[PDB]
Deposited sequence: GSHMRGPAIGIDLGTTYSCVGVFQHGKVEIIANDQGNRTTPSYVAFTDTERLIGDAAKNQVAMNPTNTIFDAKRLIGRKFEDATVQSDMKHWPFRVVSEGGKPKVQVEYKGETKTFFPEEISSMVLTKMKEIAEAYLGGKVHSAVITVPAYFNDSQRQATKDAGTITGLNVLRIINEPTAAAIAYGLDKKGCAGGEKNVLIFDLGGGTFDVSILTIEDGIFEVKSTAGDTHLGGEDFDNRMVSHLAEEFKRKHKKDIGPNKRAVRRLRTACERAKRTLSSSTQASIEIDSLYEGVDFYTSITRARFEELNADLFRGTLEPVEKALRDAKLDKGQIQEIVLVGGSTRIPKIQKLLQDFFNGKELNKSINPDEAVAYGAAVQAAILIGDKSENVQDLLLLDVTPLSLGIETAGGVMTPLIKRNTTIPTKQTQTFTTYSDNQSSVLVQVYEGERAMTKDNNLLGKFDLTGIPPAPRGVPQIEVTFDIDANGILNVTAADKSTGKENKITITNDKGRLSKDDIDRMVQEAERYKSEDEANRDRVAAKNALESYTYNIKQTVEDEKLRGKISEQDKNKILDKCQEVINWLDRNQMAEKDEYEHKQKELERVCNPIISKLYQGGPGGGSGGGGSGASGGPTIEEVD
């Protein structure tokens, strides 16, 4: 082909290739194995991916993210009207469809959600082409299992605009199950729970798999819960610590809070493999450094409700599928937040000690399965 898989994610995207019998997940030009689903418009240029996310603080009204929350919807939809209230960018209506409105080269422009997503897809396509050489022609692109046909078709339109032959739109939990070979493992029916906790969304899906055929039995979750919520908890804790030690409230100061959040995001990643993380911020406020450290136990304490709370969508997906938790044959971890040991422990204890499918980087599992599926389709 080449055989290409794209996870077009709400805040991050991932691209993989199936080559010499195996998947390789592809790092972008900054060496990052996942790429922000971000597009920024400036006085001179259109930035995509890491370049767009890196200047977001400097240009928030013209930096688009979350276009996946708009794609395939109507402007009048309850979710659109609700989501709009939390974005720093303007959303407007054209023929009843939402468009983002930005400043670009000193003029006002509007873009359909599939136009922003096509720009993200083009960046993923060029990432794959730098890695492979030559041109990428086709891709499997994934969507959430709860997406309707307008959302699916608008995702496909993004691919068409990019100039990709979209071989198939497949469900994200389905691609994760394919990554683990669960359609080929021990071939009756398998009940598979996919536990997908990303940066800003939480999706639980129950699939059945039989003779290589997938059926979505139930979906549950929280469309506004992710890793960013855990970082908010750490930011409040550490802002209070800075106040206690240095008698300075950084709360009213946008830059000090943003820099604290950057340190907290990085600390949280380290806490997935170490029991402590060090914060090293130079001149956080009024020339006062903030060098400190945080333990894993403290991180878990600050997030006790949020982590334990992820089991309620698990219980609801089971009740909707009319399954007892003992009837799940496979559990798959997806999304960067599933690396958190306390989340893995809670999920494993809920499932009476059952081992978790977790050996694939969870932020890459969806693109990994999409790349396998692409290989099958091109043959």
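Taking the first deposited residue as 1, the stretches without any C-alpha atom are 1-5, 193-194, 387-640.
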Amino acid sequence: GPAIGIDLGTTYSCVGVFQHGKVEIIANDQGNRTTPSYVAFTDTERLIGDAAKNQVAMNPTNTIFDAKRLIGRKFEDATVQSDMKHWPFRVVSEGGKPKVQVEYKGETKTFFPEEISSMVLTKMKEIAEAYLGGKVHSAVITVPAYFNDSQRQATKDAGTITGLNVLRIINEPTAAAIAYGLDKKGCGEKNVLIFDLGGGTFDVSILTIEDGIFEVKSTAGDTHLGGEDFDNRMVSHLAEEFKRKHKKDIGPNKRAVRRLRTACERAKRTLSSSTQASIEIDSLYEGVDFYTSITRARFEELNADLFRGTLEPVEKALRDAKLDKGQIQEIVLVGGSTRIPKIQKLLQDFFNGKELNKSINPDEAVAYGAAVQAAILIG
From here on, numbers count along this sequence of modelled residues.
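Mean CA temperature factor is higher for 79-87 when stretches 121-129 and 79-87 are set side by side in the entry. For the pair 198-206 and 281-289, the mean Cα B-factor is higher in 281-289. Of the residues listed, 176, 166, 297, 116, the entry assigns the biggest Cα temperature factor to 297.
Listed residues 172, 157, 265, 215 were ranked by CA B-factor as deposited; 215 comes out on top. Residue 260: CA B factor lies in the lowest third for its chain, per the PDB record. Sort the modelled residues of the chain by CA B factor and residue 38 lands in the lowest third. Residue 13: CA B factor lies in the lowest third for its chain, per the PDB record.
For residue 29, the recorded CA B-factor ranks within the highest third of the chain. Only modelled residues enter the ranking.
Residue 187: CA B factor in the highest third of modelled residues in this chain (values from the PDB entry).
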